[PDB]
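Peer 1: Take these chains first, placed just as they are in the complex:
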Amino acid sequence: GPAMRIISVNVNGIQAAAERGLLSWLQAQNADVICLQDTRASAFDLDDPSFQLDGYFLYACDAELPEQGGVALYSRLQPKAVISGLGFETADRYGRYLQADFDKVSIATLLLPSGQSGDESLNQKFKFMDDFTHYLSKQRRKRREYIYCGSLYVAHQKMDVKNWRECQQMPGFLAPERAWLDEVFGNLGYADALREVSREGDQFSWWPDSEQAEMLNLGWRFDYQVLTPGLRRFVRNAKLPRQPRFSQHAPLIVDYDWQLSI
């Protein structure tokens, strides 16, 4: 049947992903579109055929400072048109957004700054969120549905984090971020993909560098397939495989009944 598999992943640097073997695993997994957040490389660097897969196209938006950020995106068929922009100063400067249009559906490779480095990063993240709320309030009018395959770097509910009592002050889980996520996923109506297909816990996507957290399963859910309410009904399965870890995060394969086409 019409199975559209989207594979979102945060490579945390395309170099590490290529070293660990993300390209081979991704090519093996049948999917219509793959989102790679945080490329940390310029568009010319992605031009190398090493990253170009057979049967997939190469799209990417590079940050002003290559190491600061960058996003990529591959699809099986030539999309209608690529929109490598957002409008805000932060997005345009750090190239944290790239969109691909299709038939009544458009996929966006969103990337909110982690804010785990320092205070300036947390302020940039707060600004980016206070601007993306306006952006989503604007896109709420158009007919075409959107699929933001984005690493929001913010956990929503307790089901996304174990031992929440300890992470009540760690960046990515404070009160304002929780409120913003609850408003974007409730007030605006952008229903999540996981909380509608599998309302279970322990579905973590992030793990600190410390192997102790990995062994203990202490992880956070940062990746998100944000879906317009029009596409919520078109969800089928979404499971996070952690054994093919190729970066700080893990892929988030999601299959939909909707079928894309030029």
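Peer 2: Thanks, I have the structure now. Residues are numbered from 1 along each chain as shown, chains lettered A, B, ... in the order given.

Peer 1: all strands in chain A, in order from the N-terminus.
Peer 2: Ranges of strands within chain A are A:4-10, A:33-37, A:59-61, A:71-75, A:82-83, A:99-101, A:105-108, A:145-151, A:223-227, A:235-239, A:252-256, based on DSSP state E.

Peer 1: Dump these to a markdown table, plus distance to residue A:137 and mean neighbour count.
Peer 2: C-betas here are computed from N, CA, C, even on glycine. Supplementary listing: the strands of chain A in a markdown table, determined by distance: least, CB to CB, whole Å; neighbours: other CB atoms under 10 Å:
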| stretch | distance to residue A:137 | mean neighbour count |
| --- | --- | --- |
| strand A:4-10 | 23 | 23 |
| strand A:33-37 | 23 | 28 |
| strand A:59-61 | 23 | 24 |
| strand A:71-75 | 22 | 25 |
| strand A:82-83 | 18 | 16 |
| strand A:99-101 | 17 | 21 |
| strand A:105-108 | 15 | 23 |
| strand A:145-151 | 13 | 24 |
| strand A:223-227 | 14 | 24 |
| strand A:235-239 | 23 | 16 |
| strand A:252-256 | 25 | 23 |
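
Peer 1: Those strands into CSV, with extra columns for distance to residue A:208?
Peer 2: CSV is the format used below for the strands of chain A (distance: least, CB to CB, whole Å):
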stretch, distance to residue A:208
strand A:4-10, 14
strand A:33-37, 18
strand A:59-61, 28
strand A:71-75, 23
strand A:82-83, 34
strand A:99-101, 31
strand A:105-108, 27
strand A:145-151, 16
strand A:223-227, 16
strand A:235-239, 22
strand A:252-256, 18
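
Peer 1: Relative to residue A:44, which of those strands is closest?
Peer 2: When the strands of chain A are ranked by distance to residue A:44, counting by CB to CB, first place goes to strand A:59-61 at 9.9 Å.

Peer 1: Report the separation between the most centrally placed residue in chain A and residue A:214.
Peer 2: Residue closest to the mean C-alpha point of chain A, counted by CA atoms, centre = their mean, is residue A:150 at 2.1 Å. As judged by CB to CB, to the nearest Å, residue A:150 and residue A:214 stand 24 Å apart.

Peer 1: try residue A:246
Peer 2: Distance of residue A:246 to residue A:214, computed by CB to CB: 14 Å.

Peer 1: Looking at these two now, which is surrounded by more residues?
Peer 2: residue A:246 (22 against 14; other CB atoms under 10 Å).

Peer 1: buried set for the biggest helix by length in chain A?
Peer 2: Taking residue count as the measure and DSSP state H as the definition, the longest helix of chain A comes out as helix A:119-139. Taking 16 or more other CB atoms under 10 Å as the basis for neighbour counts, the residues of helix A:119-139 that come out buried are A:122, A:124, A:125, A:126, A:128, A:129, A:131, A:132, A:135, A:136, A:139.

Peer 1: sequence below should go in as chain B:
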Amino acid sequence: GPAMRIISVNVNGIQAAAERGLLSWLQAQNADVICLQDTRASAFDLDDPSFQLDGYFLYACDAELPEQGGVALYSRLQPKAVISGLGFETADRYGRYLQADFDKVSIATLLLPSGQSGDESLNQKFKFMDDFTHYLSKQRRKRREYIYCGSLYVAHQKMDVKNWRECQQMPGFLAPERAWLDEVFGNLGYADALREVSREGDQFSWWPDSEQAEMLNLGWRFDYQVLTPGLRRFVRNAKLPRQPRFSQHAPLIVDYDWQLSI
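Peer 2: Following on from the chains above, chain B is added here:
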């Protein structure tokens, strides 16, 4: 764990189900409260220890005529209080309602008339629905979470019935019944338990007497577990085992993480 299992099984006459072995199957099938409906027998008949199970209490309310209707209810522990009244001529005169109260949770054995028997039955069904929607709108003030074990004889959406193209004319699927059932699950805020955990089709709970529909699985979903929005989050799982069927309807088994108590 704090699991709570509820079984709703319409028998269309407790005699036939007891002959097919519903009593032993229930006594073996672990559960807390059995919302069995359509007893078709008077209280003096249910009082017979043959029907009374071990470790489960018995409550029953019949109409003026034993075969005219009536509904019964089992329970693990002695409920806080049982009430056999709704306030409507179409409910009390037919003995179609019986509610049992545990700590801030009320389970009700609702039974709507089939309507396929004739036009008068369809008119009585419409009157009962128009009165029950008002009863619900009046009950929205209470804080107790309600668990209506309803045999509504109405399919909500397309997935709830196979070959809807042909069923759009047969009773149990007309426009006003659909509108009423959607309003119950719509504006009023209530939500069905089965459709919450399993959003897939082919999960039917009724088939005509002709074995052809059973072989083709052409059936409806005339059994619902209507839950107050307060209990919507506690729905763990739901199942509709068709093989161990003791009548036209199939046992509907819903398990929650809620833990009832005297």
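
Peer 1: give the contact list for residue A:4.
Peer 2: Residue A:4 sits next to A:32, A:33, A:255, A:256, A:257, A:258, A:259, A:260 when contact means CB atoms under 8 Å, 6 or more residues apart in numbering or on different chains.

Peer 1: surely residue A:235 meets residue A:197?
Peer 2: Yes - because the distance of 4.9 Å satisfies CB atoms under 8 Å, residue A:235 is recorded as touching residue A:197.

Peer 1: Next, show the common contact partners of those two.
Peer 2: Common neighbours of residue A:235 and residue A:197 are listed as residue A:254 (criterion: CB under 8 Å, 6+ apart).

Peer 1: Leaving out sequence neighbours, find the closest residue to residue A:22.
Peer 2: Nearest-residue entry for residue A:22: residue A:246, 3.8 Å, with adjacent residues in sequence omitted and distances by CB to CB, 6 or more residues apart in numbering or on different chains.

Peer 1: Do I have it right that the one you found meets residue A:21?
Peer 2: Yes - using CB under 8 Å, residue A:246 makes contact with residue A:21 at a distance of 6.7 Å.

Peer 1: re earlier: over to the residue nearest to residue A:22: give its phi and psi.
Peer 2: Backbone dihedrals for residue A:246, given as degrees, to the nearest 10, come out at phi -120, psi 0.

Peer 1: Give me the distance between it and residue B:44.
Peer 2: Computed with CB to CB, the distance linking residue A:246 and residue B:44 is 72 Å.

Peer 1: Next, the buried residues of stretch A:43-63.
Peer 2: By 16 or more other CB atoms under 10 Å in any protein chain shown, the buried positions in stretch A:43-63 come out as A:43, A:45-46, A:51, A:53, A:56-63.

Peer 1: Rebuild those as JSON lines, extending it with distance to residue A:16.
Peer 2: Conversion of those to JSON lines gives the following (distance: CB to CB, whole Å):
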{"residue": "A:43", "distance to residue A:16": "19"}
{"residue": "A:45", "distance to residue A:16": "14"}
{"residue": "A:46", "distance to residue A:16": "15"}
{"residue": "A:51", "distance to residue A:16": "13"}
{"residue": "A:53", "distance to residue A:16": "18"}
{"residue": "A:56", "distance to residue A:16": "20"}
{"residue": "A:57", "distance to residue A:16": "23"}
{"residue": "A:58", "distance to residue A:16": "19"}
{"residue": "A:59", "distance to residue A:16": "21"}
{"residue": "A:60", "distance to residue A:16": "17"}
{"residue": "A:61", "distance to residue A:16": "20"}
{"residue": "A:62", "distance to residue A:16": "17"}
{"residue": "A:63", "distance to residue A:16": "17"}
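
Peer 1: add chain C to what we have:
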Amino acid sequence: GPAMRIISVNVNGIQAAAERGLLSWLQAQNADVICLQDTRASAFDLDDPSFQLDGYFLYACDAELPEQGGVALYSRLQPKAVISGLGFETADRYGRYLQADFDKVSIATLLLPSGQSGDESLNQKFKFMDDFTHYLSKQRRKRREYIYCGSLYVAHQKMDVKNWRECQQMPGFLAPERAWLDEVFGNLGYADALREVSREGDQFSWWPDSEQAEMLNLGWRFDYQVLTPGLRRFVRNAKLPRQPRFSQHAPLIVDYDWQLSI
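Peer 2: This next block brings in chain C, placed alongside the chains you saw above:
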């Protein structure tokens, strides 16, 4: 008082019906717009004075082959604008559609293929219906109201025919045909006219060629006066005068309250 009478009779050959007295019968009877179907001739044949009715403007959209079909209208006042063709291949080729817009309403004249001639005719009918359902889904959004004089050649419900069991194999009563006809009157909203003011059985329009079928009255309701819900309130009365009998189809007369005014 204010009233608007409309006649819809499938003549299946204007020549034969006129030789039997159709023209004089219509001229003698009061009427505003005669929306007859199946002219079996060309627009020039209609333009001849022998076909024209004194006091009624005449328009026609002949078919590619005269005998294959054709449609013609008889308006009493110069309509706002006449539109020939429906956009489909089978519609524009075989001249099976002709609309005459008025100040608000816009009587049409639709003629579906019989289907009893052979499997190819049945496939053409299925294709035309699959296209016309989409046409209606697109048309139901505009403001103005319509009054299709369609000869759907398909019975709606069992009550519209006697001995529906034996007709399960004959064309015009198959499962997909009933499904389409009920969906056109279901979700789309296009109400009916004959079965809207008098919901009594034993009323039919079409009768087999065998006179014995007429004596026994084993007929089907093929002539429909489909009308957008906006006009369902203005429907005043309907009649199926089978006494004259000018062709294999009985004349369907109706009278509404809406007063046309060019």
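
Peer 1: hmm, back to that, and the residue nearest to the centre of chain A, what are its bridge partners?
Peer 2: Note on residue A:150: beta-bridge partners by DSSP bridges are residue A:224.

Peer 1: so who does it touch?
Peer 2: Neighbouring residues of residue A:150 by CB under 8 Å, 6+ apart: A:8, A:35, A:37, A:108, A:109, A:110, A:111, A:112, A:223, A:224, A:226.

Peer 1: same deal with residue A:92?
Peer 2: A:85, A:86.

Peer 1: For the closest residue to residue A:12 other than its chain neighbours, give me its contacts.
Peer 2: Sequence neighbours aside, residue A:247 is the residue nearest to residue A:12 in space, at 4.1 Å (criterion: CB to CB, 6+ apart). Contacts for residue A:247 were tallied using CB under 8 Å, 6+ apart; they are A:9, A:10, A:11, A:12, A:13, A:16, A:17, A:20, A:22.

Peer 1: quick one: which of those is nearest to residue C:117?
Peer 2: The nearest member of the contacts of residue A:247 to residue C:117, counting by CB to CB, is residue A:9 at 60.3 Å.

Peer 1: Chain B versus the residue nearest to that closest one when sequence neighbours are not counted, what's the distance?
Peer 2: Counting by CB to CB, 6+ apart, residue A:251 is the residue found nearest to residue A:9 once chain neighbours are left out, at 4.4 Å. Using CB to the nearest CB, to the nearest Å, residue A:251 is found at 24 Å from chain B.

Peer 1: thought residue A:251 was touching residue A:239?
Peer 2: No - in this structure residue A:251 lies outside contact range of residue A:239 using CB under 8 Å: 9.7 Å.

Peer 1: Let me see the contact set for the closest residue to residue A:130 other than its chain neighbours.
Peer 2: Distances taken as CB to CB, 6+ apart put residue A:180 closest to residue A:130, at 8.0 Å, once the chain neighbours are dropped. Residue A:180 is in contact with A:129, A:130, A:133, A:154, counting by CB under 8 Å, 6+ apart.

Peer 1: quick one: contacts for residue A:163?
Peer 2: Contacts of residue A:163 were listed using CB under 8 Å, 6+ apart, and they are residue A:218.

Peer 1: Could you verify my assumption that residue A:39 touches residue A:70?
Peer 2: Yes - Residue A:39 is within contact range of residue A:70, at 3.8 Å (criterion: CB under 8 Å).

Peer 1: Residue A:149 versus the residue in chain A that chain C sits nearest to, what's the distance?
Peer 2: Chain C sits closest to residue A:143 of chain A, with a gap of 14.7 Å, by CB to the nearest CB. As defined by CB to CB, residue A:143 lies at a distance of 20 Å from residue A:149.
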